[PDB]
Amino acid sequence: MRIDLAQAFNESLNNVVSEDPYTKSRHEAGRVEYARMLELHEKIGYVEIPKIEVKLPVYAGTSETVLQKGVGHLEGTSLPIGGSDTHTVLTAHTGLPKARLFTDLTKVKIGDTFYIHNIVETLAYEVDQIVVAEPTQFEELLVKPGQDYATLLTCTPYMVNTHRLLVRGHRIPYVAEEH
C-alpha cells in the first residue's frame, strides 16, 4: 500500500471532487492501487481492541479468503491511513467456529479505544457511537467531511445475522509516551 496512492484514493471518495485533469489522473491512480491490493488480498496492518483483547491482521477487501483468516477492509470506504475527510470500515465474522474474530464487539462500549496499526503509524480512535443496522443501511458508514472516523463492523445478533453491528470511533491523538 503506497501512501501517496492511498491518499489519492481517499480524496476520490469524499463529497467535493475536482474536475481538473491532474486531479482526475491522481484519483484514477489511487483507484488502480486499491484494485491491485484487492486482487492480492494484500495485508494492510492490524486492528487492536485492548478491552476485548483483540489483535487481528487487516487485509484489503471482504473476500472470503480475507474473512476466513482475519479482518477485511470494506471496499468503497477510505483506506486506514487517517486524515480529514476519511471514514474507513474494517469488518470480520461473529460466530465462526474457526476463529473468534469480531465476536466480542458486542462488548465494546462508548468511551473505549481501538487502534489501527499501519505501515506508517498507530492510529487511535475513541468509540463515540454503536448502532445496530439492517444489512443494506449504509448511512452511518459514509464519509463525514472535514472529519476522521473508523467503524468496526460485524454480523448481529450472534449466529442470527439479520443485522449488522456498527461500532464507530473518532480519531484521537496517539501519544506513544503512553500506549
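All residue numbers refer to positions in the sequence shown, first residue = 1.
- Between the stretches 151 to 159 and 9 to 17, it is 9 to 17 that shows the larger average CA temperature factor.
- When 87 to 95 is weighed against 68 to 76, 87 to 95 comes out higher, by mean CA B-factor as recorded in the entry.
- When the Cα B-factors of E33, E121, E134, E126 are read from the PDB record, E134 comes out highest.
- In the PDB entry, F138 places in the highest third of its chain by CA B-factor.
- Ranked within its chain, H27 lands in the highest third, by CA B factor from the PDB record.
- In the deposited entry, the Cα temperature factor of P145 places it in the highest third of its chain's modelled residues.
- Compared with the other modelled residues of the chain, the Cα B-factor recorded for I44 ranks in the middle third.
- Among the modelled residues of the chain, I52 sits in the highest third by CA temperature factor in this PDB entry.
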